[PDB]
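FYI, side chains are in, hydrogens and waters are out, and symmetry mates aren't considered; it's all heavy atoms of this structure. Order of the sequence lines sets the chain letters (A, B, ...), proteins ahead of strands, with each chain counted from 1.
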There are 4 protein chains.
Amino acid sequence: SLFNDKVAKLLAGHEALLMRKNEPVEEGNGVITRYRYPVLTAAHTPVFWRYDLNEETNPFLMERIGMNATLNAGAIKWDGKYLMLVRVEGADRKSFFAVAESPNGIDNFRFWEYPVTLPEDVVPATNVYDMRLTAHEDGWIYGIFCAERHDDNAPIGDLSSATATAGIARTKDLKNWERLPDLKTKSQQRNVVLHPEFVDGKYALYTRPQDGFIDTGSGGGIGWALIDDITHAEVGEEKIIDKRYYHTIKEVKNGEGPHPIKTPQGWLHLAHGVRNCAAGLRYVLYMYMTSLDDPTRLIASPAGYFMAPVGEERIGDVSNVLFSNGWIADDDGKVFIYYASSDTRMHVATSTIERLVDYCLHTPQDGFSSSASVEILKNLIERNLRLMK
Amino acid sequence: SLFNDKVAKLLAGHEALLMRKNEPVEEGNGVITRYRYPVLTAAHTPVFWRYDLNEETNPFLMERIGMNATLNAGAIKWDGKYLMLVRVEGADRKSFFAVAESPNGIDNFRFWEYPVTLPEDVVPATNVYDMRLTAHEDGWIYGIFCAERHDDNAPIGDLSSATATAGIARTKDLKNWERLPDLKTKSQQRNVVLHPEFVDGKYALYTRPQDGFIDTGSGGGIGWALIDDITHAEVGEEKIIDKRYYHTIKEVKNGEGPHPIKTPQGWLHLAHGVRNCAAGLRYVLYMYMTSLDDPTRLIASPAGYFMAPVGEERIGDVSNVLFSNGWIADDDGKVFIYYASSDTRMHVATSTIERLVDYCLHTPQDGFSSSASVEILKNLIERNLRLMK
Amino acid sequence: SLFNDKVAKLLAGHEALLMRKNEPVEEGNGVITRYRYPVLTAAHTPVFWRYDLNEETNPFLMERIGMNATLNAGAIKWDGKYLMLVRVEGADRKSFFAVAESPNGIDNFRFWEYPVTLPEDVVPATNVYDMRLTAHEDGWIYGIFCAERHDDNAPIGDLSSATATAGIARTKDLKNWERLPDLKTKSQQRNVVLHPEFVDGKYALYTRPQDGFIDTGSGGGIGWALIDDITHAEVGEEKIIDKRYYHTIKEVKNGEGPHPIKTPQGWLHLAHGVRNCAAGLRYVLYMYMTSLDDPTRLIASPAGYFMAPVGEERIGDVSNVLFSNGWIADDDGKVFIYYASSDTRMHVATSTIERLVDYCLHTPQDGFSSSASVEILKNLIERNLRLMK
Amino acid sequence: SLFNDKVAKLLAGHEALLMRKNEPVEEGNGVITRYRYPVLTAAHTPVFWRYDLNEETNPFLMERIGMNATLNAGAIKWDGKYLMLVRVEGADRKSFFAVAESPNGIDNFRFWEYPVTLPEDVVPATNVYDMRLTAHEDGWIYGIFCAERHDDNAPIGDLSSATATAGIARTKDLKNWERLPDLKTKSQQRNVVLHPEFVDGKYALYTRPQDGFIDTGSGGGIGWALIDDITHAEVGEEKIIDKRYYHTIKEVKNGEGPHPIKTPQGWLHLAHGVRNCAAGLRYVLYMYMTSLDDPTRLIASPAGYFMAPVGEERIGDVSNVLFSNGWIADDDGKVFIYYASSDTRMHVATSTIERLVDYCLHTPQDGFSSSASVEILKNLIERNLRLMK
Ligand SMILES: OC[C@H]1O[C@@H](O)[C@@H](O)[C@@H](O)[C@@H]1O
Ligand SMILES: OC[C@H]1O[C@@H](O)[C@@H](O)[C@@H](O)[C@@H]1O
Ligand SMILES: OC[C@H]1O[C@@H](O)[C@@H](O)[C@@H](O)[C@@H]1O
Ligand SMILES: OC[C@H]1O[C@@H](O)[C@@H](O)[C@@H](O)[C@@H]1O
Ligand SMILES: OC[C@H]1O[C@@H](O)[C@H](O)[C@@H](O)[C@@H]1O
Ligand SMILES: OC[C@H]1O[C@@H](O)[C@H](O)[C@@H](O)[C@@H]1O
Ligand SMILES: OC[C@H]1O[C@@H](O)[C@H](O)[C@@H](O)[C@@H]1O
Ligand SMILES: OC[C@H]1O[C@@H](O)[C@H](O)[C@@H](O)[C@@H]1O
């Protein structure tokens, strides 16, 4: 029948998309390798999420539930597989979480047949997004995410005013999730992330205090807060670890991405930085390192951005954005960086622990001015010209 | 496992290839419409024909039986479906027959899981090829094909001299085939085709007498022979119906393609014509019509070729060749022409009975010289310029 | 109406094709510059040559007269315009001549609305082809071409054996052509070309004696023959000017292309050379020069080919062929070379008289062996490495 | 200056071409992996082979010595590098030998600055081609090649009749070559190849007896001949090891490619097979194995071709041809197969010894008929369908 043939073709096209082999992009900077294809797009969502496959109830075979975007994904190595904890945004503009797995980390990602069922905390949330997974030493996998609600305290007609809180959930199988109380804090929070080890016997959070829903205001950067009880999480003291700076890629806002990777040289961090331009907000990725002895102490601040939008990455629902809240480091040192472009699709970039540490340690620090940048550059040129002669 | 993933990808890629929607080529001549993709290539043969899918016996997952070409296919409308009787040539250089079926005639052709099992006649054949299917009024589907054997008259070292006979088989299901005796005749034959109706109460064959295996010699063109008994087929009287002519597209050789289509205006024929050039033999398609009252009598001879190699068609194992031995005319008058290019792949072109008859009746006849061609052309130009003013 | 819209689209698409700007190919050898697009293809023939545009007599709007190829064109600068004398081959396999003109020499060639009407000589010809135009000092434009007829000596069934004579016609407007008697000669001739000046007060022809229709046999190369009376042309004395040589690009056959260009350094010639290979005959272009004092005396023989098939040129009705019988040299020294590829389409390449003479004079002569080729090459390498150090 | 800029651009473009990274073709058959780009083309020859770079003597900066093709290359692993012994054909139609080297075997091949200087034997040769390199246990690198001369028996006008002898040269550095006497034998020979080990204390050659220059006539296949003294080489006893067969890919001609690779399972051979078709001669590659105990004894004959022209490979000066006379097997079992397409360019395909042996041992043998091919195929289908259920 024509209908059954159409269903068969939908499924066949979907399998071909899912199984497509990724290929590295040859041209790169020696730090990271980009890949030709995204690891996930809205088109990667299962056919059976979007279409009613029953001819009786969907004789035209049209989509019943449109899928808009697959973005800002957490990540974890799980039972030998490479997992993303994907933020999937429907055509209805709500996001939900969904696990996708790959045998190799760069292609053949496939969504688990059901997305994540996440219980509400005591106050219901309208949207949930951007989960960071932490396999904590306490034996749980934590997902720290943004729980967003309308702010009724707004002028009449204002349906955009919102509040962001840090949601906390944990699981041991990524299917059954326990929702803990939202983080209690004196400011709005987004980009909260759980450090994987106890520090002074306490849970440690990366935080990002902000005066408003979109603007940080007095919020000084990426914060650090020790928490006595993750099941009744409340910030007491909050210390800024990585600061915003005028005329850097992290001027207006910044935030921790995934939880950092432990290296012999220190904690290796991946974050985003924001500045304003004539086209709106521009988001890039950057890195920093902190001490093993004192994870609050910066020990490497390579100047500028680590990755910024290239090519197809530049365009999407929210253009001029890269964002990451997930990466995986294998035992052999290979690193898989899962980053979204333009709030629309997920990509992978690969590197190694040794290369990322080399990048952090030997990319000169920002001296904060054009004159300083020129002096750093002239010094390198002088070395190279001597060598090339 | 890596092996199972590899098998799953082979199957998935194959399904995507098989299900690809064909699209008509916009640029055309108003007679036939070409399509963007071939209907069959060697890559269309089933994965399970080529690969041993068992890891125990094929751990590297390599092809065990290479497929080289899918060409010169017969065709029949069968139980609501569009069928080709494909000549499939293996990497071993032997050909065999195999049914492929489509729901619509222009794409989604898929081979039946097993190819054709064709019993030998009394004298075994080395190769069999180019089967024309005829649904005869006697209730059988006949396949008339070429059965080729090494020429025993050949001297030491000559492993190329061959003989061609017309093989005859029949079936009622395209799975169980009865092999009848090879056609008895005084010359070599290839391109023998069964006319679908009795004529004077006898079976009627299109023939192509030839003095040698490749060259026709004294062979004058496409012949017509009435046969009393198809189960003991022997040519007696033989008349040339469509002749070779110097400096036409059918100078050196010609041959009937599929059996002709019955129209109210006469029998509509599709044939091939051959000439020599610096690059070897060049094969094109051409049409002609014969009378319903007397199928041996020509009533339309449009000048020149009907189709010749265009673009991708020009290149293959045997370049500069189009060949057809199959077409299907639906009750609504739509015609699906199945033609091979360069002995390598199968294509489809579509037309209608009305357009093909129009083409045959109103394409001026060849006057056989440059001066005559110019006079025909000047006449048309004069009419058009008068109209365009 | 749908019909009128269809006609309007045919005309519009044709105009867009005709007006397309050509672009030079950047990669070249410094001798000639190729161009991205052919100057003519079969699709360039007028819409009103191919279609009957009257809905009453062609309601399906299909082509009534197919055009197959535009090839082997003569060329002349004429009343400020760049003209080709095109060999146009119909789908009927007959060729006829047709003028096409361009304002600039590299694109926007358009056929004159009517093709050439060429009267027959006393014995009618089946095909005419490959006309070389010569603006002779006697005030006439001569076209010397091949007039082909079926060989009456041929046995039953032989519809391929043919004879080639040199046809001679002249005109003062390229519209009204006077057919003079075919050249009288003791062998078959093709590639006969009129030298533009009297020599010893006589007409001078380039000739190409050949024992057969396709193969030259004892024919030694490109010949030279003085003719008292072009209106009763008969060869008496005949001298070979440029010879075939074993293991060169002109081993099996050769022939003069267009008439040579007069330069201060001598007559600049363009010719074709043929050898056999596993795929058939391979045709390339080559150049040579002869003395102004004695046009029968070679003064430059650059080794090897001048042009050979590249890319798209390699494929067509008769693949692996370049052929030229037309070029134009402007007063400023710019040269437009019109060459066919694969008997299918017409191309242009540009150079200058200075560059072509440079090429002829300073491309080393063929020493006729691998050892000699290596010695020439090692000498150049040695010079370059010395320079590059 | 404009001239110096032009030279700098020629050199820069050439370096970019030479350094281009090759990429494997994903679609394959599991036996061999093809690559996206040729390893060598005529454009890969050095700029300083083709252009005179001195403005004084070449002010137009045009090529002085055209290069036409890089084909049929021998191969050897040499001092840690991957070397081809390239047949380079000039625009003058003569070939010469030239070493090209790569660090990795699949790209970045670069010609040595000077080509090979090969001394003549007592009788000079017009062309030399298709050298097979053998690192013999006697400590020398031998190159066995074809030395071609015009046939003196030829009649007037015949500049094509030629004779082929087996040329023998040796070297210890690929720069200084000693020319030994041409092989003495009772028939013409081409595709002669030196086996790398003594057999019965004697040199062993693969041979290919042929009655004519192009056609083998009574020549039965690939031969084997023991030679006492390679410096006065003469064939005595000669045995056919791999035979031509009607209706196989090696019907008309065959010949050994490179010398075979030693494996624990036997000698692994790569050869070419030829048949005739309407377009001329068609050349494909095939494999076979012989015994370690007795290298004259066949132990594996996989049916059909190993590789045949695909895509771009199908077209060139001599289309419809693959040819190999070189491959390299690394100690780790990786195999680099260097094969020419269409006598025009050089390609690489990769495999492993294990895969190639698997292919030879488990691709079913040719049963020599359509019925046999169908039975082999039906058996595999039956196994697969049983597995797939
Ligand atoms: O950002 C868009 C433009 O912004 C303006 O301020 C200009 O000064 C430019 O520096 C810049 O191109
Ligand atoms: O090879 C070109 C053509 O040759 C003829 O003999 C036909 O029988 C076809 O089988 C083939 O397409
Ligand atoms: O077919 C290749 C060539 O053959 C020769 O005979 C020429 O006369 C040309 O007409 C043609 O281009
Ligand atoms: O031309 C096709 C092939 O012809 C054969 O003679 C071989 O010797 C090769 O030199 C060539 O590749
Ligand atoms: O910019 C703040 C937030 O605004 C919301 O509307 C979007 O859904 C988020 O993805 C975004 O992070
Ligand atoms: O040309 C005659 C025949 O020759 C055979 O070798 C080919 O297999 C056929 O396809 C072809 O029709
Ligand atoms: O090869 C000789 C001639 O043969 C004819 O059949 C072709 O029409 C000519 O174009 C060709 O030049
Ligand atoms: O076909 C036989 C030989 O003919 C020669 O003219 C070619 O140069 C060779 O490459 C070829 O192998």
Residues 45-55 of chain A: residues contacting chain B (heavy atom under 4.5 Å, by number): none

Residues, nucleotides or ligands: over 12 heavy atoms within 6.0 Å of A:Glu26 CD: yes

Sequence neighbours excluded, every pair satisfying salt bridge (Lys or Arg N to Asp or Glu O under 4.0 Å) that has a member inside residues 323-337 of chain B: B:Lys77-B:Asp330

Atom CZ of A:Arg64 with >12 non-hydrogen neighbours under 6.0 angstrom: yes

Enclosure of B:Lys175 NZ (heavy-atom neighbours >12, cutoff 6.0 Å): no

Neighbours of chain B found in residues 1-12 of chain A - heavy atoms under 4.5 Å: A:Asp5, A:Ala8, A:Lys9, A:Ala12

Any residue meeting salt bridge (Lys or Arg N to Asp or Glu O under 4.0 Å) with B:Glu23, in chain and number order, not counting sequence neighbours: B:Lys21

Over 12 foreign heavy atoms within 6.0 Å of CD, B:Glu354: no

